[PDB]
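Notes follow the structure.
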Amino acid sequence: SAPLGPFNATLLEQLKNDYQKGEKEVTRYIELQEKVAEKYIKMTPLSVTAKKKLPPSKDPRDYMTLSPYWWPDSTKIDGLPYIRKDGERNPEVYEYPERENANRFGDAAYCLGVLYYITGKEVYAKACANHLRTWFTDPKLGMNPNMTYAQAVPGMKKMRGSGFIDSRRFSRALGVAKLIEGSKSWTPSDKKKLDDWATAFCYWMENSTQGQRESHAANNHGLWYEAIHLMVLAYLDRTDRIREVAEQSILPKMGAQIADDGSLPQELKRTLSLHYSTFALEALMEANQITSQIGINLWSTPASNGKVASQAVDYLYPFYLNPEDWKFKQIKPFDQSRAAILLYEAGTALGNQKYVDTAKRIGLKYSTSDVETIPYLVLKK
Amino acid sequence: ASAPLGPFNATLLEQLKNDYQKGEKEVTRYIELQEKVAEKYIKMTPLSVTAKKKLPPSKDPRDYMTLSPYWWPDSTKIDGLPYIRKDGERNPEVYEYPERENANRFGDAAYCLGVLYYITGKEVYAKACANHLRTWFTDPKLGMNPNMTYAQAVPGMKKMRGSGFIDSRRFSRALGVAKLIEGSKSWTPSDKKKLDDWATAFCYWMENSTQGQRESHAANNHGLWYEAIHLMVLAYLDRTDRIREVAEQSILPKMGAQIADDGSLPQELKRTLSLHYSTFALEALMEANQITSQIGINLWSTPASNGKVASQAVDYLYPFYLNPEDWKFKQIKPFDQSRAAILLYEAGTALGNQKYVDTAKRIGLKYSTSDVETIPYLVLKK
């Protein structure tokens, strides 16, 4: 049985088992992924401190990014304070290296971690460990365990926590560290430091004013917060807390956002409504990969108010077939391949065969290098 | 009191200089706002194309290099090579090439400083402009090689391309506004000579390289924007007969082939940003006409050999400039209606169409905006 972690544990165990028995189709797929994975073996570990502009703390170990929809105001002489343009990403975001480097880190470590779980080769754990240490625990290059300055806005005078969503990138990688435990490269001392980082980040999530705020939001930010919350709690083996967050936080939050038709009214008022409708469920989808390893299915468990997350997939299914029909503002094209993983996750969990069949029709490219598709051989022809 | 030939609306700019000298309150108010906007360019350290780590294939940091914005790594290839195209979707990798945004910042600064010197006469603005011009263009270590070989390159593509020449309009407008500072104490006769020599060299590359040749023959918005940049360079060099030849032998035939009988731009209707690329082609004619009209050639009303006129394109688009909602073609991003204001004002005054000029002012530009391309257009603010 796979260690508790941020992935579909069924598909992952299936892959390792077929790989060990020698099944051709899986062994060929894994030898693809290994060729894809070779850039991460040579790839030099990134660190949050690779930045020139420092944050208010003057500490380069603090993660800092710009909130993507905030732009300078031309009608002010300094451009300050920034004004918002929902859905239109300000290219200034890319002057904060963490925004893209946390992605590159997260991808590298997830891929290396799952390949060491499937194949068992020390070269994959040894490379994953190098990435984990430099990003999280290294006394000089690892990030502080907080997200105070995530998605900061210049000229804004209050502090906000909407930026906590940036954590999904590196917190998936935190969980997968559990997969290389037992390797020769991940020493007891390595695990302890990462446990202590994970313990500190969790304390920051739960008790900081920004974390408390985010823990209370009944929108897609609250769902993503709790999904990230489960990943940290899963890494630390706090399964009772996983049960309590699922039942006391995620399901109530999910039920307040679903309307009687299954739509998500808070996301239909965005400039990117089909994207943000799917973003919300993607939070629930990643949380459910962790809850269902301990027996809790968030797709089919109803909330106190009777709403259940399957109603929200039903509303969106027609448009996942024919995205033209989306009768709401979508100021940018929508990636139909996001429906493939979502409908398989939700279809496998709900015993809905129409969903699983449509997931396979849409599919993912067999040879793609997107690391989040590594588990989904079942979607790749 | 006539403005030197350059890449701006000379009527609006002479009017502003005239009114500011006479003491008119409303212009003096506006120019003092512009001066507060322009102080950041006085302090701004000059930019240079050489501020980059990743070198071009020539291994010369003085070569301008950018990435073609719509080209993306291919996930199904082990190295992502060769890149593939997604029309309309900017690959954020473009921001790893510093010249993409630094040429904009440079261009904006030198243009703002040049126009304010023309209007106010203040040497502080000629001195600041000249600083930006020397570092970008002529400096023997920091200045830019006079070419666009590696503009909008594409990783994995085997042939060389010319369509990235469009990147030139940023620093090219700045090249022309150097004419406004000639005669200051700060722009010495030697500064003029090097810059003249640089512009002669860049114009040579534009006209004789394989890439510039291709670009001079495209009958799309790239060909139009090529000649509009060509006119900036030839105006700066005072080659006014060439301006007349380029207008009658290239711009007019190109405009004549790209306008259909209903006044639409077929080539632009097929892009994923059809309302943006229709306006783009026209803005090429607008910026070329600001120059051609200073030597007596009105590109909005002068027909091609087939009797097509550029005013026919404005007519096709005017109703959509009112209600962009009605645009019945692919537009995978929102359309900025302020672009129409300058366009409609520029075409309206050249064509005598009051309906156009009224619509321009109704849309308007923000009085306090710091966007330097709106500096001449007080008439669209207020």
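So basically every Cβ, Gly included, is an ideal-geometry build from the backbone, and we count neighbours across all protein chains shown. Taken together, the values in this text are just the output of simple stated rules run on the coordinates, not laboratory data.
When the residues of segment B:75-111 are filtered to those that are buried (at least 19 other Cβ atoms within 10 Å of the Cβ) and more than 13 Å from chain A (Cβ to nearest Cβ), the one that is farthest from B:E182 (Cα to Cα) is B:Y83. Test B:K333 against the criterion of being within 14 Å of chain A (Cβ to nearest Cβ) and either in contact (Cβ under 8 Å) with a residue 12 or more places away in the chain or over 19 Å from B:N221 (Cβ atoms) (or both), and give yes or no. Taking the combined requirement at face value, the residue satisfies it. Beta carbons closer than 6 Å, at least 6 apart along the sequence or on distinct chains, pair a first residue in segment B:84-98 that is touching a residue at least 40 places away in the same chain (Cβ under 8 Å) and more than 16 Å from B:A151 (Cβ to Cβ) with a second that is among the hydroxyl-bearing types (S, T, Y) and assigned to a loop (DSSP other than H, G, I, E, B) for B:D87/B:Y70; B:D87/B:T272; B:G88/B:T272. Taking the condition of being within 13 Å of chain A (Cβ to nearest Cβ) and loosely packed, with under 15 Cβ neighbours inside 10 Å, how many residues in segment B:41-50 meet it? Counting residues in segment B:41-50 that are within 13 Å of chain A (Cβ to nearest Cβ) and loosely packed, with under 15 Cβ neighbours inside 10 Å gives 1. When B:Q249, B:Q290 are checked against the criterion of being out of contact with any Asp or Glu (no Cβ under 7 Å at 6 or more places or on another chain), among the polar types (S, T, N, Q), assigned to a helix (DSSP H, G or I) and surrounded by fewer than 18 Cβ atoms within 10 Å (Cβ to Cβ), B:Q249 stands alone in meeting it. The condition (being basic (K, R), away from every other protein chain (no Cβ under 14 Å) and either within 23 Å of the chain's Cα centre (by Cα) or crowded, with 18+ Cβ neighbours inside 10 Å (or both)) is satisfied by just one residue among A:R28, A:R61: A:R61. Taken together, the residues in segment A:203-233 that are touching a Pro at 6+ places or on another chain (Cβ under 7 Å) and either buried (at least 19 other Cβ atoms within 10 Å of the Cβ) or part of a loop (DSSP other than H, G, I, E, B) (or both) amount to 1. Of A:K307, A:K327, all but one fail to be buried (at least 19 other Cβ atoms within 10 Å of the Cβ), assigned to a loop (DSSP other than H, G, I, E, B) and more than 14 Å from chain B (Cβ to nearest Cβ); the exception is A:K307. Any residue in segment B:346-356 that is in contact with a helix residue (DSSP H, G or I) (Cβ under 6 Å, 6 or more places away or on another chain) and either within 28 Å of A:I77 (Cβ to Cβ) or within 14 Å of chain A (Cβ to nearest Cβ) (or both)? Yes, that holds for at least one residue. The selection criterion, being more than 19 Å from A:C202 (Cβ to Cβ), surrounded by fewer than 22 Cβ atoms within 10 Å (Cβ to Cβ) and touching a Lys or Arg at 6+ places or on another chain (Cβ under 9 Å), does not hold for A:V123. Within segment A:336-351, the set of residues being touching a residue at least 40 places away in the same chain (Cβ under 8 Å) and farther than 11 Å from A:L274 by Cβ comprises A:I341, A:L342, A:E345, A:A346, A:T348, A:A349, A:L350.
Residues that are surrounded by 20 or more Cβ atoms within 10 Å (Cβ to Cβ) and either charged (D, E, K, R) or away from every other protein chain (no Cβ under 14 Å) (or both) within segment A:357-375 comprise A:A359, A:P375, listed in sequence order.
Report yes if B:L55 is hydrophobic (A, V, I, L, M, F, W, C), more than 30 Å from A:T373 (Cα to Cα) and without any contact (Cβ under 8 Å) to a residue 40 or more places away in the chain, otherwise no. Here the answer is yes, as B:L55 does meet what is asked.
Residue-wise test of (1) under 17 Å from B:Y64 (Cβ atoms); (2) in contact with a helix residue (DSSP H, G or I) (Cβ under 8 Å, 6 or more places away or on another chain); (3) hydrophobic (A, V, I, L, M, F, W, C).
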residue: B:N147; (1), (2), (3): yes, yes, no
residue: B:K158; (1), (2), (3): no, no, no
residue: B:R169; (1), (2), (3): yes, yes, no
residue: B:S172; (1), (2), (3): yes, yes, no
residue: B:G183; (1), (2), (3): no, no, no
residue: B:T188; (1), (2), (3): no, no, no
residue: B:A201; (1), (2), (3): yes, no, yes
residue: B:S209; (1), (2), (3): yes, no, no
residue: B:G223; (1), (2), (3): no, yes, no
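Inspect all residues belonging to segment B:128-141 and state whether any of them is within 13 Å of chain A (Cβ to nearest Cβ), out of contact with any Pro (no Cβ under 7 Å at 6 or more places or on another chain), crowded, with 17+ Cβ neighbours inside 10 Å and not in a loop (DSSP other than H, G, I, E, B). No, the conditions are met nowhere in segment B:128-141. The criterion of being crowded, with 23+ Cβ neighbours inside 10 Å and not in a loop (DSSP other than H, G, I, E, B) does not hold for A:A200. If you check A:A339 against the conditions, is it under 27 Å from A:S171 (Cβ atoms), away from chain B (no Cβ under 14 Å) and part of a helix (DSSP H, G or I)? Yes; evaluated as a whole, the condition is true for this residue.
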